[PDB]
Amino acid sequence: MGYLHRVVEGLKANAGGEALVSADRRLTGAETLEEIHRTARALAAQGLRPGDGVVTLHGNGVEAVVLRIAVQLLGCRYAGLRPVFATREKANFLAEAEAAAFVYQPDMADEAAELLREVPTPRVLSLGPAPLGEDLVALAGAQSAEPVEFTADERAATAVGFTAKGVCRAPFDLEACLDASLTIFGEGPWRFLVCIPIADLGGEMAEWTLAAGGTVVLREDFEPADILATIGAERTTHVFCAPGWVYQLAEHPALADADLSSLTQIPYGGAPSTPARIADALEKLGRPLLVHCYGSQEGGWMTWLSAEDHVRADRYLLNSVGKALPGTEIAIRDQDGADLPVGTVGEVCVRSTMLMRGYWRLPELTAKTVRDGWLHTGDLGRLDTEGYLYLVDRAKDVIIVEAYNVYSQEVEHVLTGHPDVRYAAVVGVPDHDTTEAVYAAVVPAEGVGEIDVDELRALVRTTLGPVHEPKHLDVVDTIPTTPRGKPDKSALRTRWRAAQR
């Protein structure tokens, strides 16, 4: 058994039905498994052993999934360049990757040249006929479809996902991730719309979709009109979305008429969500679909918020990423690294069998990052007693000054406690080039004449420490608020930013 055992088992399970689907080609589990075996054989022929690095430059086609899996079957290291990266960044990735092969989609030959020019690589192959190297699809066609058993170290990296640096994953932790996927997404066959690069997260999600006996529906990227069409046309059960995408789906005029019956779930994540707009989306979908996932290449799946937990009447949880997965442990830690009680804000630190094997060729930063089995995620948040995780909103609630975290509520509370101040709003605003500064607006109390701004600066300095001191501090008659009754801190930020003459 193992990760690839699991993928193959799901394909065999699904041999009669659809496994890989795109606008251009359609394969069954039988037809998919054959190509994988053939491709693996062909790659083996070219001279590729376990541990040998295989860099790819492709899109989200069927042959790209076949290749990603095949490379991993041999126990080679698949290293997908996402096409969205700049050529400068790809050349770095390729240079550092110690590649033995380079595999590129035919219509990207322009870029393959730029790269192979700068980083000459052996065994160049093309997914179909193309100017450079040989044609891998042709090589595979001419080849035995006899099964290829997985026979490498289950704990040896077979995938690198790029981020300035590359995250190695081994089958051991990939299976751990697949297990969580069944927790979050449910079990059984999934018709899973993947429009994330197969070069990384999309690839993982395709591997998993297949392992569970499912069909992958591939699109090249997210566009709301496609997708709404694709969902109904392919009777998809799941589409994984960035939060941005969820909003675009919800705001789309085509949505009233689109057929979403097939959907059981719209898992989303990858970036901070906007509670207000998620709530809009809940109303328009008019059904419990949204499931918030919190994950990284480094940490695997860490938490998730069920669909029901988006709409319970007794709690509000749109500011939550939900609770730990089975086998996942979460501590919140001070800038030095001892635990904090529930309720307190710190760095979210995780330990599960889903952690990455490490950063590629960066063994020192790997140790700065995973410390004694515990991933230091660099994200800031708080747990609660019911077990829910809440990541601070970095725009409203933190300010980073000289590499120190300043919390806006802490500064507000201190200012407000001055008898001359009845209300404060504190926000970080862009300063010189790439720094942040603490700005503050305070509302005077009843009868207060003139406010001594310097006194309030001293108060913060000699309560919290020097860095928490507001650089700028305006006395205002009021703080604008949002329609949900929270202080409008982006209005304050925009206003202060624009006035920096």
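In case it trips you up, residue 1 is the first one in the sequence shown, and so on.
Review point. Do any residues of the deposited sequence lie unmodelled between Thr274 and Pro275, and which range holds their number: none, 1 to 3, 4 to 9, or 10 or more?
Key: Missing residues, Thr274 to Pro275: none.
Point to revise | Entry-level comparison of average CA B-factors, 200 to 208 and 252 to 260, reporting the higher stretch | key: Looking at the recorded C-alpha B-factors, 252 to 260 comes out higher on average.
Practice item. Would you determine, from the values in the PDB entry, which of 362 to 370 and 316 to 324 has the greater average C-alpha temperature factor? Key: If you average the C-alpha B-factors of 316 to 324 and of 362 to 370, the larger mean comes out for 362 to 370.
Practice item. Compare the CA B factors listed in the entry for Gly378, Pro243, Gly214, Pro171 and report the winner. Key: Answer for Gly378, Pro243, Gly214, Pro171: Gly214, with the highest C-alpha B-factor.
Exercise for review: Return the residue from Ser408, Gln143, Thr303, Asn405 that has the highest Cα B-factor in the entry.
Suggested key: Of the options given, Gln143 has the highest CA B-factor in the PDB entry.
Practice item. Just say lowest, middle or highest third for the CA B-factor of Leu391 relative to the other modelled residues in its chain. Key: For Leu391, whose C-alpha B-factor we compare with every modelled residue in the chain, the answer is the lowest third.
Exercise for review: Just say lowest, middle or highest third for the CA B-factor of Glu175 relative to the other modelled residues in its chain.
Suggested key: Middle third.
Check your understanding: Thinking about Cα B factors across the chain, which third does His432 belong to?
Key -> For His432, whose C-alpha B-factor we compare with every modelled residue in the chain, the answer is the highest third.
Check your understanding: Ranked by Cα temperature factor within the chain, is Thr416 in the lowest third, the middle third or the highest third?
Key -> Ranked within chain, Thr416 CA B lands in the lowest tercile.
Review point. Based on the entry's values, in what third of the chain does the Cα temperature factor of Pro483 lie: lowest, middle or highest?
Key: Middle third of the chain for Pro483's C-alpha B-factor.
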